[PDB]
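To start, the structure itself, in structure tokens.
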Amino acid sequence: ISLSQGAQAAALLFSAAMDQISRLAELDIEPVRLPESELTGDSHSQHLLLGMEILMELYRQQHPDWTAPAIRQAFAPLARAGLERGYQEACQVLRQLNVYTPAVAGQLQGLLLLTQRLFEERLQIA
Amino acid sequence: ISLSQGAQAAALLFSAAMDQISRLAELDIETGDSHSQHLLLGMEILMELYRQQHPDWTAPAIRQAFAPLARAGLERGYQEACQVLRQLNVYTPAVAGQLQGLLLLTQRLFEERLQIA
């Protein structure tokens, strides 16, 4: 039942490549932040946010008729939903890989929470 | 080290979340398996964006340009993915072959895409 070790492989490739390419194509968008953010991210969260940026950006392009606010309004819950689900899937794989230690569970959780809040902040940028 | 398995759990969350969000937001263009599809949809998005960063260039002009960057991109990705899989002592003959499988396939499929449309 170890399609689980297939999933992990593919994820590693996905994440590394999306990085490498995004960098090489100079798509590397400067991380968008609240000028007075009290929060400090790490590279993991930063990767994640840059990811969500692209998704939003393309969502925007795909909805020309829609206003800027409506666009943020609509995209916000899908992004939250996507991330919480993403997380749930990432956890399942790890439980299944029998590597879901209390340490790793806590680190991954912290990362979700960090990312959610950072995105909440990003969405406030008018 | 804890360091590596972090980079792992992060990669999981990244991949999955990008998967989820792209589906939920209906970002799409209307043979393969999910892992390649995922990667493809990955690259198509990036290219699509890269397109928009050069409104002035022609369509072939951007395919010409983006292709090598996608190729170089995957290879690097693949190396880095082998790194962690080794660091974690979890790089089975089976796993390695599976991964190399996914590299080549994706790789080809993207080439077939460039010839199309």
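By order of appearance in the structure tokens: chains A, B, ..., then residues from 1 within every chain, and ligands from 1 in the order shown.
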
For a quick test of understanding: name the residues of chain B lying within 8 Å of chain A when counting only C-alpha atoms, and present them as a VMD selection string. chain B and resid 5 to 22 24 to 25 27 35 38 to 39 42 to 43 45 to 46 49 to 50 66 69 to 70 72 to 78 80 to 81 85 95 98 to 99 102

Quick one: everything within 9 Å of residue 63 in chain B, counting only C-alpha atoms, minus sequence neighbours fewer than 5 positions away in the same chain. Send it as a ChimeraX atom specification. /B:47,51,58,114

Nearest-residue call for residue 29 in chain A, choices A:63, A:46, A:41, A:118, using only C-alpha atoms: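 Ranked by minimum distance to residue 29 in chain A, first place goes to A:46.
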